[PDB]
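Report on one structure; see the data block that follows.
Cβ placement follows ideal geometry from the backbone for every residue including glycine, while neighbour counts extend to all protein chains displayed. Bear in mind these aren't lab numbers, they're just calculated from the coordinates by the rules spelled out.
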12 protein chains.
Amino acid sequence: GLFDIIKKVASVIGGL
Amino acid sequence: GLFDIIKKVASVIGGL
Amino acid sequence: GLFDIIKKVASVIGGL
Amino acid sequence: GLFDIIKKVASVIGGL
Amino acid sequence: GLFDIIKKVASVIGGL
Amino acid sequence: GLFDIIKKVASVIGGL
Amino acid sequence: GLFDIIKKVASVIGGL
Amino acid sequence: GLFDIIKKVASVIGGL
Amino acid sequence: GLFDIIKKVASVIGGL
Amino acid sequence: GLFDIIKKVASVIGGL
Amino acid sequence: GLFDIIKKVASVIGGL
Amino acid sequence: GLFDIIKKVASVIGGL
């Protein structure tokens, strides 16, 4: 409605 | 409605 | 709406 | 109504 | 209405 | 109306 | 130490 | 130390 | 140290 | 040691 | 040491 | 050492 704040953090470290 | 805050953290460390 | 702030941080490090 | 003094304040300090 | 004094404030300090 | 004094303030200090 | 997050909201509506 | 995030909101609406 | 993020929002509306 | 294999992951997903 | 394989990841995904 | 395979990653995805 007024604010639609979508914060997505996707941290695939993997590998190593 | 007024604020639709959507915080998603996905942390697939995996690997290792 | 009035503010649609979409902050995506995809951080696939992988490899290594 | 002779004096229809209307005061409205909406302090939508959401987020953070 | 003789005096229809309307004061409206919307302090939508969202985000951050 | 004899005096329709309207004062609307919209301070959408969003973002940051 | 590691994160020192300080959020302060002061909301002196007053007046009115 | 690492992150020193300071978020200050001061909304002195007053007047009105 | 690594990030010193200082976000200040002073919003004195006053008057009206 | 012959094989001093060291793996370290720090995932300081703070903030938000 | 014959093999000193060192893998270090620092994913300091702060802020937002 | 015969094989000092040092791998260092610092992904300081701060701000926003």
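Numbers for the structure displayed
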read-out	value
Separation between Cα centres of chain L and chain I, rounded to whole Å	35
Two-site label geometry, residue D:11 and residue A:8: point separation in nm, points 7 Å out along Cα→Cβ	3.6
Estimated Rh, the protein assembly as shown: Kirkwood, alpha-carbon pairs, angstrom	20.5
